[PDB]
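Below is one structure, written out as structure tokens; the observations come after it.
Number of protein chains: 2
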Amino acid sequence: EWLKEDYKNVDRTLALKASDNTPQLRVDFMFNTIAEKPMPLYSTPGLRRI
Amino acid sequence: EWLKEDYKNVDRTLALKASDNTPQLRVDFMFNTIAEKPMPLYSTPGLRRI
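This is the structure:
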């Protein structure tokens, strides 16, 4: 329990506290992936083999 | 009947006769063929055309 990080030490430096249920952080994440996958370029109905 | 080959002339030279139902010959045949055939390389189920 002692070894875990503590959000209350940062919390006394904030104008709006998390003890007041204001989240300490607001983050925007943008992911860009290039995936080379074992799929056809477009998946169009109809089969090559019967 | 006379013109046919006769196994009995060879047979008197053999330690175990064919008249005793010992075959005169025991042969091992090994065949290696390269066949170029009008078949697909592997025959895998499913058809190209419907």
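If you read the sequences in order, they're chains c and A. Numbered per PDB author numbering, the first sequence finishes at 553, counting up by one with no gaps. Numbered per PDB author numbering, the second sequence finishes at 553, counting up by one with no gaps. Cβ atoms here follow ideal geometry from the backbone N, Cα and C, with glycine treated the same way.
Three-state class that DSSP yields for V530 (chain A) in the structure shown: Translated into positions along the second sequence, residue 530 (chain A) becomes position 27. If DSSP states are grouped into helix, strand and coil, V530 (chain A) belongs with coil.
In chain c, which residues lie with their C-beta within 8 Å of the C-beta of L550 (chain A)? As a working mapping, residue 550 (chain A) is identified with position 47 in the second sequence. Near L550 (chain A) (Cβ distances below 8 Å), the residues of chain c are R552 and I553.
Leaving out the 5 sequence neighbours to the left and right, which residues in its chain are closer than 8 Å to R529 (chain c) when beta-carbon positions are compared? Translated into the one-based positions of the first sequence, residue 529 (chain c) becomes position 26. Once the five neighbours on either side are set aside, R529 (chain c) has no close Cβ partner at all.
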